[PDB]
There are 2 protein chains.
Amino acid sequence: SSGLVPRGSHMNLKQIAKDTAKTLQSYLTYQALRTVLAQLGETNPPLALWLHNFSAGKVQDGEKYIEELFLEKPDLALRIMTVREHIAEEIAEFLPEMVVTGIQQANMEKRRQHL
Amino acid sequence: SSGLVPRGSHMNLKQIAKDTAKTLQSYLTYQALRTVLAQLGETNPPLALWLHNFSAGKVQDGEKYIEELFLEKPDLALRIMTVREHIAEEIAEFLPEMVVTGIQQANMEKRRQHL
């Protein structure tokens, strides 16, 4: 046999997908927080200022952020919960085609100039 | 007299999708990096070390990252380009469900723990 060659390609695909979904969920929670924030910009300027200062730097993990915002203001956490979910239902189905063709197009550019 | 009620909800969907897609693209780039790093850990330990040290604090923007890598190691850049492309082609189609039902389950777990 020949065993200088690796047994695998190192694409643990369900782990990568699992990790990717949790990153999408955290970014969509950040997007929802941006929405709720802009809404409260029209609707409730104080409450907006509280949330903007509360959230600065907290945006790391979306589920940890939510459980921590629930401890302070259960209603506003719920506002972000609804919006993150509304966005996801509206946009998620377009993401596959955008990322696949996005990557193919970005690569195609660079292989053209370099290669 | 719908004076106080806002025109719309600040859910700019084309912009949100665009931005979510770029974040996705640049997470998949980072995950392609992890794969080839691991591959190289087996096949070329010194080059794995070079790539790891080179990459540290460079993975925020996937296109910027690949272009920086092209100047030093066009071989590796092309490898990452292929892996990110492959990853996307395998997993992209399953992300909409995973993100939608993940958000819906995560939301509903947060209400069950607290509310």
# chains A, B, ... in the order shown; residues from 1 in each chain; ligands from 1

$ closest_atom_pairs --of "chain B" --to "chain A" --cutoff "6 Å" --atoms "only C-alpha atoms" --output "tab-separated table"
residue	atom	partner	partner_atom	distance
B:10	CA	A:35	CA	5.5
B:17	CA	A:91	CA	5.9
B:21	CA	A:99	CA	5.7
B:25	CA	A:99	CA	5.7
B:35	CA	A:10	CA	5.4
B:88	CA	A:100	CA	5.7
B:92	CA	A:96	CA	4.7
B:93	CA	A:96	CA	5.4
B:96	CA	A:92	CA	4.7
B:99	CA	A:21	CA	5.3
B:100	CA	A:88	CA	5.7

$ write_last_selection --atoms "N, CA, C and O atoms" --output "PDB file, in the first residue's frame"
ATOM      1  N   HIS B  10     -37.715  48.505   9.169  1.00  0.00           N
ATOM      2  CA  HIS B  10     -36.240  48.536   9.162  1.00  0.00           C
ATOM      3  C   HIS B  10     -35.643  47.146   8.957  1.00  0.00           C
ATOM      4  O   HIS B  10     -34.633  46.787   9.567  1.00  0.00           O
ATOM      5  N   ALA B  17     -29.570  40.071   3.504  1.00  0.00           N
ATOM      6  CA  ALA B  17     -29.146  38.855   2.798  1.00  0.00           C
ATOM      7  C   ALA B  17     -27.736  39.030   2.250  1.00  0.00           C
ATOM      8  O   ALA B  17     -26.880  38.183   2.479  1.00  0.00           O
ATOM      9  N   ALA B  21     -24.666  36.824   3.445  1.00  0.00           N
ATOM     10  CA  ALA B  21     -23.987  36.028   2.452  1.00  0.00           C
ATOM     11  C   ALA B  21     -22.467  36.264   2.514  1.00  0.00           C
ATOM     12  O   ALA B  21     -21.713  35.305   2.575  1.00  0.00           O
ATOM     13  N   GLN B  25     -19.781  33.372   3.261  1.00  0.00           N
ATOM     14  CA  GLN B  25     -18.644  33.274   2.386  1.00  0.00           C
ATOM     15  C   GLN B  25     -17.304  33.357   3.146  1.00  0.00           C
ATOM     16  O   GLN B  25     -16.419  32.528   2.944  1.00  0.00           O
ATOM     17  N   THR B  35      -9.431  23.185   7.447  1.00  0.00           N
ATOM     18  CA  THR B  35      -9.296  21.937   6.729  1.00  0.00           C
ATOM     19  C   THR B  35      -7.861  21.756   6.172  1.00  0.00           C
ATOM     20  O   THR B  35      -7.234  20.732   6.457  1.00  0.00           O
ATOM     21  N   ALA B  88     -19.006  24.648   0.418  1.00  0.00           N
ATOM     22  CA  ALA B  88     -20.244  25.333   0.089  1.00  0.00           C
ATOM     23  C   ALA B  88     -21.155  24.457  -0.732  1.00  0.00           C
ATOM     24  O   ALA B  88     -22.355  24.379  -0.456  1.00  0.00           O
ATOM     25  N   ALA B  92     -24.308  24.034   1.633  1.00  0.00           N
ATOM     26  CA  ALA B  92     -25.060  25.279   1.525  1.00  0.00           C
ATOM     27  C   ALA B  92     -26.564  25.025   1.519  1.00  0.00           C
ATOM     28  O   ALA B  92     -27.307  25.726   2.194  1.00  0.00           O
ATOM     29  N   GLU B  93     -26.982  24.002   0.789  1.00  0.00           N
ATOM     30  CA  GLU B  93     -28.388  23.681   0.639  1.00  0.00           C
ATOM     31  C   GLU B  93     -29.106  23.277   1.938  1.00  0.00           C
ATOM     32  O   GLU B  93     -30.333  23.312   1.981  1.00  0.00           O
ATOM     33  N   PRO B  96     -30.373  26.737   5.154  1.00  0.00           N
ATOM     34  CA  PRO B  96     -31.681  27.403   5.432  1.00  0.00           C
ATOM     35  C   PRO B  96     -32.524  26.701   6.527  1.00  0.00           C
ATOM     36  O   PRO B  96     -32.842  27.341   7.527  1.00  0.00           O
ATOM     37  N   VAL B  99     -30.770  26.900  10.102  1.00  0.00           N
ATOM     38  CA  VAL B  99     -30.779  28.243  10.655  1.00  0.00           C
ATOM     39  C   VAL B  99     -32.199  28.648  11.086  1.00  0.00           C
ATOM     40  O   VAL B  99     -32.391  29.248  12.152  1.00  0.00           O
ATOM     41  N   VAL B 100     -33.189  28.310  10.255  1.00  0.00           N
ATOM     42  CA  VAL B 100     -34.580  28.617  10.583  1.00  0.00           C
ATOM     43  C   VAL B 100     -35.022  27.771  11.762  1.00  0.00           C
ATOM     44  O   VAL B 100     -35.455  28.326  12.778  1.00  0.00           O
TER      45      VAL B 100
END

$ atom_distance --atom1 "CA of residue 105 (chain A)" --atom2 "CA of residue 73 (chain B)"
21.0 Å

$ atom_distance --atom1 "CA of residue 53 (chain B)" --atom2 "CA of residue 33 (chain B)"
12.4 Å

$ select_by_dssp --residues "region 8-71 of chain B" --states "alpha helix (DSSP H)" --output "VMD selection string"
chain B and resid 13 to 43 45 to 55 62 to 71
